[PDB]
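Protein chains in written order, with UniProt numbering: chain E, 2 to 160; chain F, 2 to 160. For every residue, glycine included, the Cβ atom is placed at its ideal position computed from N, Cα and C.
2 protein chains.
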Amino acid sequence: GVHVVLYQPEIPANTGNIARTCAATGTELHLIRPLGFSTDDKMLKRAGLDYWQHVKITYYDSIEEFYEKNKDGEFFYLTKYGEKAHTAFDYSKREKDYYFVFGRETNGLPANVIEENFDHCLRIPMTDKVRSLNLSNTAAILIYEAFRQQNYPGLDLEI
Amino acid sequence: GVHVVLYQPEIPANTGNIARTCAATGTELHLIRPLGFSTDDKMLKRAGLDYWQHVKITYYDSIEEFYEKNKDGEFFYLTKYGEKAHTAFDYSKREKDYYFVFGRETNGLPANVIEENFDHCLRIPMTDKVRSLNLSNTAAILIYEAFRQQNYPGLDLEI
Ligand SMILES: Nc1ncnc2c1ncn2[C@@H]1O[C@H](CSCC[C@H](N)C(=O)O)[C@@H](O)[C@H]1O
Ligand SMILES: Nc1ncnc2c1ncn2[C@@H]1O[C@H](CSCC[C@H](N)C(=O)O)[C@@H](O)[C@H]1O
């Protein structure tokens with residue numbers, strides 16, 4: 002499968018957007034606490050996030066716990082410090098588990114995570130006119146790059 | 002070049018995100034009024050959009066005006082009602098002008114626009130668990146699909 006991992010996300014609208022993209026694709030959502038916001042059920046529903054119930058979601062109290070519970074698979078780390086493009090790897094094997102790990106809107110990923118995993122750090126190409134892309138936009142780009150390579154498994158090409 | 006055209010966008014954060022992706026790539030931003038928010042220079046500064054100045058932006062009072070001022074190029078219309086994938090077309094020619102036209106967060110694209118241009122209506126594939134993707138996410142996906150096909154011209158220069 003395809004997986005998005007959010008390391009300590011900050012801003013509720015970004016995670017709401019990412020959860021929508023996950024519901025839209027069958028991508029799993031992994032949230033590493035602390036979060037910057039509540040995800041209580043009654044609040045999500047009155048906020049009209051009806052799609053949230055359809056997301057395959059897992060919460061973790063630490064990135065250590067995340068790793069322990071997700072030992073198998075291919076792990077990629079999205080960071081502007083990466084020296085490979087997000088499109089440089091093959092995500093076409095539907096039977097594999099691909100994990101794309103994203104940093105905080107403000108802090109990004111911890112430096113040691115980037116350093117320990119540098120040959121799997123991916124930079125979406127940019128001009129020098131911004132420091133970074135929006136978190137939810139980067140998750141949407143990576144999700145649909147993987148699904149493009151897999152020829153859209155489980156998705157409706159037409160209504 | 003690559004162009005994103007927003008038909009009467011509603012939510013300031015979506016247009017802020019799309020402007021960020023445009024500054025990040027050199028994609029032109031075309032805004033068809035009425036907009037749902039102020040884009041006065043003083044409001045954008047109050048909102049902290051430091052990259053806005055770098056965006057190649059044009060405003061129009063109508064889609065008719067937009068068409069009159071952009072006669073040459075290839076026009077694609079992003080809608081869940083499309084019957085071709087966003088990846089089904091060739092955007093690889095850097096000398097051509099590719100325009101991707103997006104609808105409103107609430108009403109989408111006008112029915113007559115979809116009908117009249119149906120052969121070039123593009124649907125990003127989705128499951129049945131959501132009605133649509135987030136507007137800014139869809140723009141980011143299309144921008145980076147076009148730049149992928151062109152091998153990221155003008156990006157990652159002198160990082
Ligand atoms: N160009 C890009 N390439 C890869 N990931 C990106 C990206 N822009 C944003 N992201 C992702 O979005 C997250 C939040 S943006 C954080 C940016 C960072 N704090 C800075 O120095 O500006 C990042 O941690 C990364 O996972
Ligand atoms: N799956 C998808 N394929 C193509 N465009 C999409 C899309 N999801 C969202 N969009 C774009 O994002 C815009 C705003 S989403 C608006 C849709 C409307 N609220 C509804 O319930 O259906 C759309 O007009 C379209 O341009």
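Closer than 8 Å, Cβ to Cβ, to anything on chain F: give me those residues from the region 30-49 of chain E, in chain order. none
From the DSSP output, in three-state form, read off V131 of chain F for me. coil
Which value, in whole angstroms, describes the spacing of the CA atoms of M127 of chain E and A147 of chain F? 14 Å
Short Cβ contact (8 Å threshold) for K57 of chain F with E29 of chain F: yes
What residue range is occupied by the uninterrupted alpha helix (DSSP H) comprising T107 of chain E? Run containing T107 of chain E: none; DSSP gives neither H nor E here.
Which runs of the beta strand (DSSP E) fall wholly inside the region 75-123 of chain F and span at least 3 residues, in chain order? 75-79 and 99-103
Report the three-state DSSP secondary structure of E29 of chain E (helix, strand or coil). strand
By DSSP, does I125 of chain E sit in helix, in strand, or in coil? coil
Report the residues of the region 147-158 of chain F with a CB closer than 8 Å to any CB of chain E, ordered along the chain. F148, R149, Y153, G155, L156, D157 and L158
Taking only three categories from DSSP, how would you classify residue 171 of chain E? Nothing about residue 171 of chain E can be reported from this structure: the residues present for chain E run from 2 to 160 only.
Assuming contact is defined by CB atoms lying nearer than 8 Å, are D157 of chain E and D62 of chain F in contact in what I supplied? no
Using 8 Å as the threshold, is the C-beta distance between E75 of chain F and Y99 of chain F below it? yes
Which residues of chain F have a Cβ atom closer than 7 Å to the Cβ of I142 of chain E, listed in chain order? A141, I142 and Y145
Does ligand 1 have even one heavy atom less than 7 Å from the beta-carbon of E106 of chain E? yes
Can you confirm whether the region 10-23 of chain F touches the region 132-146 of chain F when touching is taken to mean that 3 or more C-beta pairs between the two stretches lie within less than 8 Å? yes
Are the C-beta atoms of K85 of chain E and some chain F residue less than 8 Å apart? no
Does any residue of chain E bring its CB to less than 8 Å from the CB of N135 of chain F? yes
So with CB distances below 7 Å, who are the chain E contacts of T22 of chain F? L134 and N138
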